[PDB]
file my_file.cif (mmCIF, C-alpha atoms)
data_my_file
loop_
_atom_site.label_atom_id
_atom_site.label_comp_id
_atom_site.auth_asym_id
_atom_site.auth_seq_id
_atom_site.Cartn_x
_atom_site.Cartn_y
_atom_site.Cartn_z
CA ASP A 490 27.42 -15.24 -31.68
CA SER A 491 25.39 -12.56 -29.92
CA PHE A 492 22.66 -12.67 -27.27
CA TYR A 493 21.72 -11.64 -23.75
CA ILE A 494 22.83 -13.55 -20.69
CA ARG A 495 21.79 -13.58 -17.04
CA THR A 496 24.42 -14.56 -14.46
CA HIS A 497 23.65 -16.96 -11.60
CA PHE A 498 26.91 -16.90 -9.68
CA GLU A 499 29.20 -14.24 -8.21
CA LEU A 500 32.40 -13.01 -9.88
CA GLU A 501 34.87 -10.30 -8.85
CA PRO A 502 36.03 -7.60 -11.28
CA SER A 503 39.36 -8.16 -13.01
CA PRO A 504 41.81 -5.61 -14.50
CA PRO A 505 41.56 -4.25 -16.98
CA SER A 506 38.70 -5.63 -19.08
CA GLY A 507 37.20 -8.43 -16.97
CA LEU A 508 33.75 -7.55 -15.65
CA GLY A 509 32.38 -8.48 -12.24
CA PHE A 510 28.84 -9.68 -11.71
CA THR A 511 26.22 -10.85 -9.24
CA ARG A 512 23.28 -13.25 -9.37
CA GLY A 513 20.75 -11.50 -11.61
CA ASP A 514 23.00 -9.21 -13.64
CA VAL A 515 22.38 -9.20 -17.39
CA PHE A 516 24.90 -8.92 -20.19
CA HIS A 517 24.54 -8.10 -23.84
CA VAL A 518 27.22 -10.47 -25.12
CA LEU A 519 28.47 -8.70 -28.25
CA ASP A 520 30.67 -11.49 -29.60
CA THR A 521 31.88 -14.97 -28.68
CA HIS A 535 36.51 -14.94 -23.48
CA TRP A 536 33.19 -13.32 -24.46
CA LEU A 537 33.00 -9.62 -25.25
CA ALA A 538 30.04 -8.32 -23.26
CA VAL A 539 28.34 -5.15 -22.02
CA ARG A 540 26.43 -4.70 -18.76
CA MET A 541 22.75 -3.80 -18.82
CA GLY A 542 21.38 -1.43 -16.20
CA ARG A 543 17.77 -1.01 -15.04
CA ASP A 544 17.73 1.57 -17.84
CA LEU A 545 18.14 -1.26 -20.36
CA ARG A 546 20.94 0.98 -21.63
CA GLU A 547 24.42 -0.44 -22.22
CA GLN A 548 26.96 0.42 -19.52
CA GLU A 549 30.48 -0.86 -18.75
CA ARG A 550 32.04 -2.72 -21.69
CA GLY A 551 34.47 -5.57 -21.04
CA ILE A 552 35.25 -9.28 -20.89
CA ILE A 553 33.36 -12.16 -19.25
CA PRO A 554 33.99 -15.94 -18.94
CA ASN A 555 32.63 -18.23 -21.64
CA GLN A 556 29.97 -20.86 -20.95
CA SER A 557 32.53 -23.53 -20.09
CA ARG A 558 34.70 -21.45 -17.75
CA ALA A 559 31.48 -20.07 -16.29
CA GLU A 560 30.19 -23.53 -15.39
CA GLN A 561 33.47 -24.33 -13.62
CA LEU A 562 33.46 -21.06 -11.70
CA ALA A 563 29.94 -21.92 -10.52
CA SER A 564 30.69 -25.51 -9.48
CA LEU A 565 33.63 -24.01 -7.65
CA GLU A 566 31.52 -21.45 -5.81
CA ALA A 567 29.15 -24.23 -4.82
CA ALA A 568 31.93 -26.29 -3.26
CA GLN A 569 33.17 -23.15 -1.50
CA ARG A 570 29.87 -23.43 0.34
CA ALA A 571 30.87 -26.11 2.86
CA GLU A 607 21.30 -10.04 0.00
CA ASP A 608 22.38 -13.64 -0.72
CA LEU A 609 20.17 -15.16 -3.43
CA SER A 610 21.87 -18.58 -3.64
CA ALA A 611 18.92 -20.48 -2.15
CA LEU A 612 16.72 -19.19 -4.96
CA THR A 613 19.22 -20.21 -7.66
CA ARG A 614 18.91 -23.75 -6.34
CA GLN A 615 15.15 -23.70 -5.79
CA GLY A 616 14.88 -22.18 -9.28
CA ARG A 617 17.34 -24.59 -10.93
CA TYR A 618 18.97 -21.71 -12.83
CA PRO A 619 22.19 -22.49 -14.75
CA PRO A 620 25.37 -20.39 -14.31
CA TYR A 621 24.43 -18.65 -17.57
CA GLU A 622 20.82 -18.18 -18.61
CA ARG A 623 20.09 -16.88 -22.09
CA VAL A 624 17.34 -14.25 -21.80
CA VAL A 625 15.22 -12.17 -24.18
CA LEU A 626 13.02 -9.08 -23.76
CA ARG A 627 9.23 -9.41 -23.78
CA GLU A 628 6.25 -7.48 -22.47
CA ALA A 629 5.02 -9.15 -19.28
CA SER A 630 2.25 -11.67 -19.90
CA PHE A 631 1.04 -10.88 -16.41
CA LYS A 632 0.30 -7.82 -14.30
CA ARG A 633 3.57 -6.89 -12.59
CA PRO A 634 3.69 -6.49 -8.81
CA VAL A 635 3.99 -2.86 -7.73
CA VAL A 636 6.26 -1.82 -4.88
CA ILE A 637 5.53 1.56 -3.29
CA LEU A 638 8.46 2.96 -1.31
CA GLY A 639 8.49 6.23 0.58
CA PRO A 640 6.37 7.83 3.30
CA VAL A 641 2.99 7.27 1.60
CA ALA A 642 3.03 3.59 0.70
CA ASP A 643 0.01 3.08 2.95
CA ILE A 644 -1.94 6.04 1.55
CA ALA A 645 -1.03 5.19 -2.04
CA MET A 646 -2.04 1.53 -1.68
CA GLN A 647 -5.40 2.29 -0.04
CA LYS A 648 -6.37 4.84 -2.68
CA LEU A 649 -5.47 2.44 -5.50
CA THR A 650 -7.55 -0.50 -4.30
CA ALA A 651 -10.37 1.78 -3.19
CA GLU A 652 -10.57 3.40 -6.60
CA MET A 653 -9.90 0.26 -8.64
CA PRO A 654 -10.63 -3.00 -6.74
CA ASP A 655 -10.54 -4.88 -10.04
CA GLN A 656 -6.93 -4.04 -10.88
CA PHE A 657 -5.27 -3.85 -7.48
CA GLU A 658 -5.09 -5.86 -4.29
CA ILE A 659 -2.80 -5.29 -1.32
CA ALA A 660 -0.50 -8.26 -0.75
CA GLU A 661 -1.08 -9.42 2.84
CA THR A 662 2.09 -9.58 5.01
CA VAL A 663 2.57 -10.77 8.61
CA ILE A 672 7.44 -11.68 6.29
CA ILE A 673 6.19 -11.82 2.70
CA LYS A 674 5.59 -14.96 0.62
CA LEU A 675 5.92 -15.24 -3.14
CA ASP A 676 2.73 -17.34 -3.35
CA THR A 677 0.81 -14.39 -1.97
CA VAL A 678 1.94 -12.31 -4.94
CA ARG A 679 1.39 -15.15 -7.41
CA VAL A 680 -2.20 -15.68 -6.25
CA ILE A 681 -2.99 -11.98 -6.81
CA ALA A 682 -1.38 -11.85 -10.26
CA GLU A 683 -3.54 -14.86 -11.18
CA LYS A 684 -6.67 -12.76 -10.56
CA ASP A 685 -5.18 -10.48 -13.23
CA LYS A 686 -4.44 -7.71 -10.73
CA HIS A 687 -1.37 -5.74 -9.67
CA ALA A 688 -0.18 -6.95 -6.28
CA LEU A 689 0.67 -3.89 -4.20
CA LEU A 690 3.72 -4.37 -1.97
CA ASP A 691 5.18 -2.48 0.97
CA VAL A 692 8.52 -4.19 1.37
CA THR A 693 12.25 -3.91 1.94
CA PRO A 694 15.03 -3.54 -0.65
CA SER A 695 15.87 -7.18 0.09
CA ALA A 696 12.36 -8.30 -0.83
CA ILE A 697 12.70 -6.32 -4.07
CA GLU A 698 15.94 -8.08 -5.07
CA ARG A 699 14.29 -11.48 -4.62
CA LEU A 700 11.33 -10.50 -6.82
CA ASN A 701 13.68 -9.13 -9.44
CA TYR A 702 15.58 -12.41 -9.25
CA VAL A 703 12.60 -14.71 -9.85
CA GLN A 704 11.65 -12.30 -12.64
CA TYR A 705 8.43 -10.88 -11.23
CA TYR A 706 10.22 -7.56 -11.77
CA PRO A 707 8.04 -5.28 -9.65
CA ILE A 708 7.40 -1.72 -10.69
CA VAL A 709 9.22 0.16 -7.92
CA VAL A 710 8.11 3.70 -7.13
CA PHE A 711 9.79 5.93 -4.55
CA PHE A 712 8.18 9.12 -3.23
CA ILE A 713 10.45 12.01 -2.27
CA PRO A 714 9.31 14.24 0.63
CA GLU A 715 10.01 17.99 0.56
CA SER A 716 10.43 18.25 4.32
CA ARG A 717 9.32 16.83 7.67
CA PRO A 718 6.70 19.56 8.03
CA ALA A 719 5.53 19.20 4.41
CA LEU A 720 5.16 15.46 4.98
CA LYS A 721 3.29 15.86 8.27
CA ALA A 722 0.89 18.19 6.49
CA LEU A 723 0.34 15.77 3.61
CA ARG A 724 -0.24 12.86 5.99
CA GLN A 725 -2.61 14.78 8.27
CA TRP A 726 -4.68 15.65 5.19
CA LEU A 727 -4.70 12.22 3.49
CA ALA A 728 -4.35 9.97 6.56
CA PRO A 729 -6.06 12.04 9.29
CA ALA A 730 -6.51 9.19 11.76
CA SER A 731 -3.09 7.68 11.07
CA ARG A 732 -0.85 7.21 14.10
CA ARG A 733 2.67 6.98 12.64
CA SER A 734 5.88 8.97 13.03
CA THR A 735 6.22 11.68 10.42
CA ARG A 736 9.71 11.48 11.87
CA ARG A 737 10.49 7.77 11.51
CA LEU A 738 9.00 7.88 8.01
CA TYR A 739 11.02 10.86 6.77
CA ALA A 740 14.32 9.39 7.95
CA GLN A 741 13.35 6.04 6.40
CA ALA A 742 12.90 7.69 3.00
CA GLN A 743 16.31 9.33 3.39
CA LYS A 744 17.83 5.92 4.13
CA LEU A 745 16.17 4.35 1.07
CA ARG A 746 17.26 7.17 -1.24
CA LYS A 747 20.85 7.05 0.02
CA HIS A 748 21.47 3.33 -0.34
CA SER A 749 18.63 1.89 -2.45
CA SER A 750 18.32 4.28 -5.43
CA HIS A 751 19.51 1.54 -7.77
CA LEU A 752 16.32 -0.47 -7.21
CA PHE A 753 13.91 2.33 -8.18
CA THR A 754 12.09 2.20 -11.51
CA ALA A 755 10.53 5.59 -10.76
CA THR A 756 10.72 8.46 -8.30
CA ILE A 757 7.96 11.03 -7.75
CA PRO A 758 8.29 14.33 -5.86
CA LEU A 759 5.78 14.92 -3.08
CA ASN A 760 5.27 18.64 -3.62
CA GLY A 761 2.14 19.62 -1.71
CA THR A 762 -1.27 18.22 -0.80
CA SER A 763 -2.82 17.93 -4.26
CA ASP A 764 -3.60 14.75 -6.20
CA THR A 765 -0.65 15.30 -8.53
CA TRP A 766 1.76 12.65 -7.18
CA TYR A 767 -1.12 10.18 -7.15
CA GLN A 768 -1.94 11.04 -10.77
CA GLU A 769 1.66 10.57 -11.93
CA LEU A 770 1.69 7.35 -9.92
CA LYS A 771 -1.27 5.86 -11.79
CA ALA A 772 0.18 6.86 -15.16
CA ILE A 773 3.56 5.37 -14.28
CA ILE A 774 2.07 2.00 -13.35
CA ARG A 775 0.06 1.68 -16.58
CA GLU A 776 3.08 2.77 -18.62
CA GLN A 777 5.82 0.60 -17.16
CA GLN A 778 3.37 -2.30 -17.38
CA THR A 779 3.83 -2.19 -21.15
CA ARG A 780 7.65 -2.02 -20.96
CA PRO A 781 9.46 -5.24 -21.95
CA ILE A 782 11.12 -7.21 -19.15
CA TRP A 783 13.79 -9.93 -19.17
CA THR A 784 12.54 -13.50 -19.58
CA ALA A 785 14.05 -16.93 -20.30
CA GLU A 786 14.86 -17.51 -23.98
#
call {"tool": "encode", "arguments": {"input": "my_file.cif", "output": "structure tokens"}}
result
Amino acid sequence: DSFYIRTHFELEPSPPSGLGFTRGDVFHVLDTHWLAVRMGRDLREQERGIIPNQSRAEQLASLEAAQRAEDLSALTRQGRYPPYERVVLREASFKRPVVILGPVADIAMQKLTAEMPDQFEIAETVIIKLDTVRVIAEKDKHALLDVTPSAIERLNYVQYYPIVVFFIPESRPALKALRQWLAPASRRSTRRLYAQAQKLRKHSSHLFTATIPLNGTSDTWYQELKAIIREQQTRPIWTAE
């Protein structure tokens, strides 16, 4: 047989063929102890190898449960996901949340809702709740999110699959200029924000669905932004088969 599978328990790599996985990873199982291939955010096949069959998989999961006595295990329970979940690709039947990362999340989010109140609303955070995002997607709008990598992994896990856009700053000066021009009254460290972007790029790259170079003070990055949201909104995402 052949199909796509999503894994809901942890497994360590194993020499030479055995593949390791984490809650949320997806495998194109080529043949059925199963021959499988990992699927990256690219949707392009990556490491080829071996993975446990349904039966061994169920045991390995029961085991990992008993051993209990960004960790996503509470969601696997609250979601009632099985060790293996057969998935297929479909275009989202809802407007996908949009996560803006980088030193202009605030500017980007204000301009979007100001220009298009009917397609965008900022998700209100105090701590972010899924229901907040759900309520906004129900109004048929993109929920705009300013959140951590951890938040992003949770949304990916429950299959809201945000569009994640990271903005790359030229330099601390170049960013201070940009901010002074687009957020004149803003009182926030051009310094804390630049270093934050560096931290995100270093360790969080894997969660980005797009990056966009901040290269001046013109509307270009904002233009590319808008095009990228409308495009990736048509791209097929994983969903339960």
call {"tool": "closest_atom_pairs", "arguments": {"input": "my_file.cif", "of": "region 656-781 of chain A", "to": "region 616-640 of chain A", "cutoff": "7 Å", "atoms": "all atoms listed in the file", "output": "tab-separated table"}}
result
residue	atom	partner	partner_atom	distance
A:682	CA	A:632	CA	5.9
A:685	CA	A:632	CA	6.2
A:686	CA	A:632	CA	5.9
A:687	CA	A:634	CA	5.2
A:688	CA	A:634	CA	4.6
A:689	CA	A:635	CA	5.0
A:690	CA	A:636	CA	4.6
A:691	CA	A:637	CA	5.9
A:705	CA	A:633	CA	6.4
A:706	CA	A:633	CA	6.7
A:707	CA	A:634	CA	4.6
A:708	CA	A:635	CA	4.7
A:709	CA	A:636	CA	4.7
A:710	CA	A:637	CA	5.1
A:711	CA	A:638	CA	4.6
A:712	CA	A:639	CA	4.8
A:713	CA	A:639	CA	6.7
A:738	CA	A:640	CA	5.4
A:739	CA	A:640	CA	6.5
A:742	CA	A:639	CA	5.2
A:778	CA	A:633	CA	6.6
A:779	CA	A:628	CA	6.0
A:780	CA	A:628	CA	5.8
A:781	CA	A:628	CA	3.9
call {"tool": "atom_distance", "arguments": {"input": "my_file.cif", "atom1": "CA of residue 512 (chain A)", "atom2": "CA of residue 609 (chain A)"}}
result
7.0 Å
call {"tool": "atom_distance", "arguments": {"input": "my_file.cif", "atom1": "CA of residue 538 (chain A)", "atom2": "CA of residue 784 (chain A)"}}
result
18.6 Å
call {"tool": "resolve_selection", "arguments": {"input": "my_file.cif", "expression": "the PyMOL selection byres ((chain A and resi 541-549) around 6)", "output": "VMD selection string"}}
result
chain A and resid 515 to 516 539 to 540 550
call {"tool": "atom_distance", "arguments": {"input": "my_file.cif", "atom1": "CA of residue 717 (chain A)", "atom2": "CA of residue 768 (chain A)"}}
result
22.4 Å
call {"tool": "resolve_selection", "arguments": {"input": "my_file.cif", "expression": "the PyMOL selection byres ((chain A and resi 758) around 8)", "output": "PDB file with C-alpha atoms, in the coordinates of the input"}}
result
ATOM      1  CA  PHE A 712       8.180   9.120  -3.230  1.00  0.00           C
ATOM      2  CA  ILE A 713      10.450  12.010  -2.270  1.00  0.00           C
ATOM      3  CA  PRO A 714       9.310  14.240   0.630  1.00  0.00           C
ATOM      4  CA  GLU A 715      10.010  17.990   0.560  1.00  0.00           C
ATOM      5  CA  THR A 756      10.720   8.460  -8.300  1.00  0.00           C
ATOM      6  CA  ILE A 757       7.960  11.030  -7.750  1.00  0.00           C
ATOM      7  CA  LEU A 759       5.780  14.920  -3.080  1.00  0.00           C
ATOM      8  CA  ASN A 760       5.270  18.640  -3.620  1.00  0.00           C
ATOM      9  CA  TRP A 766       1.760  12.650  -7.180  1.00  0.00           C
TER      10      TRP A 766
END
call {"tool": "closest_residue", "arguments": {"input": "my_file.cif", "among": "A:782, A:751, A:767, A:776", "to": "residue 652 (chain A)", "atoms": "all atoms listed in the file"}}
result
A:767
call {"tool": "closest_residue", "arguments": {"input": "my_file.cif", "among": "A:642, A:722, A:653, A:727", "to": "residue 693 (chain A)", "atoms": "only C-alpha atoms"}}
result
A:642
call {"tool": "resolve_selection", "arguments": {"input": "my_file.cif", "expression": "the PyMOL selection byres ((chain A and resi 698) around 10)", "output": "list in words"}}
result
residues 512, 513, 607, 608, 609, 693, 694, 695, 696, 697, 699, 700, 701, 702, 703, 704, 706, 707 and 752 of chain A
call {"tool": "closest_residue", "arguments": {"input": "my_file.cif", "among": "A:518, A:552, A:612, A:663", "to": "residue 503 (chain A)", "atoms": "all atoms listed in the file"}}
result
A:552
call {"tool": "closest_residue", "arguments": {"input": "my_file.cif", "among": "A:537, A:559, A:770, A:692", "to": "residue 648 (chain A)", "atoms": "only C-alpha atoms"}}
result
A:770
call {"tool": "closest_residue", "arguments": {"input": "my_file.cif", "among": "A:680, A:672, A:565, A:553", "to": "residue 502 (chain A)", "atoms": "only C-alpha atoms"}}
result
A:553
call {"tool": "build_atoms", "arguments": {"input": "my_file.cif", "residues": "region 566-622 of chain A", "atoms": "N, CA and C atoms", "output": "mmCIF file, in the coordinates of the input"}}
result
data_model
loop_
_atom_site.group_PDB
_atom_site.id
_atom_site.type_symbol
_atom_site.label_atom_id
_atom_site.label_comp_id
_atom_site.auth_asym_id
_atom_site.auth_seq_id
_atom_site.Cartn_x
_atom_site.Cartn_y
_atom_site.Cartn_z
ATOM 1 N N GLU A 566 32.167 -22.266 -6.832
ATOM 2 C CA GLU A 566 31.520 -21.450 -5.810
ATOM 3 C C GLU A 566 30.543 -22.266 -4.978
ATOM 4 N N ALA A 567 30.023 -23.338 -5.557
ATOM 5 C CA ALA A 567 29.150 -24.230 -4.820
ATOM 6 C C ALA A 567 29.953 -24.941 -3.744
ATOM 7 N N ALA A 568 31.051 -25.564 -4.167
ATOM 8 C CA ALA A 568 31.930 -26.290 -3.260
ATOM 9 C C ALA A 568 32.482 -25.379 -2.167
ATOM 10 N N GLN A 569 32.719 -24.115 -2.503
ATOM 11 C CA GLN A 569 33.170 -23.150 -1.500
ATOM 12 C C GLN A 569 32.169 -23.076 -0.365
ATOM 13 N N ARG A 570 30.899 -23.311 -0.684
ATOM 14 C CA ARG A 570 29.870 -23.430 0.340
ATOM 15 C C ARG A 570 29.924 -24.817 0.987
ATOM 16 N N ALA A 571 30.687 -24.898 2.076
ATOM 17 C CA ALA A 571 30.870 -26.110 2.860
ATOM 18 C C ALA A 571 32.181 -26.011 3.640
ATOM 19 N N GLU A 607 22.394 -9.082 0.102
ATOM 20 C CA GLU A 607 21.300 -10.040 0.000
ATOM 21 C C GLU A 607 21.704 -11.288 -0.789
ATOM 22 N N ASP A 608 21.970 -12.384 -0.081
ATOM 23 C CA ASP A 608 22.380 -13.640 -0.720
ATOM 24 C C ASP A 608 21.209 -14.409 -1.343
ATOM 25 N N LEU A 609 21.265 -14.583 -2.661
ATOM 26 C CA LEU A 609 20.170 -15.160 -3.430
ATOM 27 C C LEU A 609 20.392 -16.630 -3.793
ATOM 28 N N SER A 610 21.449 -17.231 -3.248
ATOM 29 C CA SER A 610 21.870 -18.580 -3.640
ATOM 30 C C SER A 610 20.800 -19.656 -3.424
ATOM 31 N N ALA A 611 19.962 -19.496 -2.407
ATOM 32 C CA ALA A 611 18.920 -20.480 -2.150
ATOM 33 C C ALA A 611 17.879 -20.474 -3.274
ATOM 34 N N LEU A 612 17.650 -19.301 -3.856
ATOM 35 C CA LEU A 612 16.720 -19.190 -4.960
ATOM 36 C C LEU A 612 17.292 -19.785 -6.250
ATOM 37 N N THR A 613 18.593 -19.617 -6.481
ATOM 38 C CA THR A 613 19.220 -20.210 -7.660
ATOM 39 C C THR A 613 19.049 -21.718 -7.659
ATOM 40 N N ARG A 614 19.114 -22.313 -6.476
ATOM 41 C CA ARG A 614 18.910 -23.750 -6.340
ATOM 42 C C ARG A 614 17.434 -24.073 -6.531
ATOM 43 N N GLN A 615 16.587 -23.452 -5.715
ATOM 44 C CA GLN A 615 15.150 -23.700 -5.790
ATOM 45 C C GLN A 615 14.588 -23.394 -7.180
ATOM 46 N N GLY A 616 15.287 -22.542 -7.930
ATOM 47 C CA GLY A 616 14.880 -22.180 -9.280
ATOM 48 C C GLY A 616 15.524 -23.043 -10.356
ATOM 49 N N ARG A 617 16.594 -23.745 -9.988
ATOM 50 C CA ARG A 617 17.340 -24.590 -10.930
ATOM 51 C C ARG A 617 17.955 -23.787 -12.078
ATOM 52 N N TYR A 618 18.304 -22.529 -11.817
ATOM 53 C CA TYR A 618 18.970 -21.710 -12.830
ATOM 54 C C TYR A 618 20.388 -22.208 -13.104
ATOM 55 N N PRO A 619 20.815 -22.147 -14.376
ATOM 56 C CA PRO A 619 22.190 -22.490 -14.750
ATOM 57 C C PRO A 619 23.094 -21.273 -14.534
ATOM 58 N N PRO A 620 24.416 -21.492 -14.451
ATOM 59 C CA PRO A 620 25.370 -20.390 -14.310
ATOM 60 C C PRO A 620 25.068 -19.264 -15.298
ATOM 61 N N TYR A 621 24.836 -19.621 -16.559
ATOM 62 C CA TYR A 621 24.430 -18.650 -17.570
ATOM 63 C C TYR A 621 23.049 -18.999 -18.076
ATOM 64 N N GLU A 622 22.178 -17.997 -18.118
ATOM 65 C CA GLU A 622 20.820 -18.180 -18.610
ATOM 66 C C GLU A 622 20.586 -17.216 -19.754
#
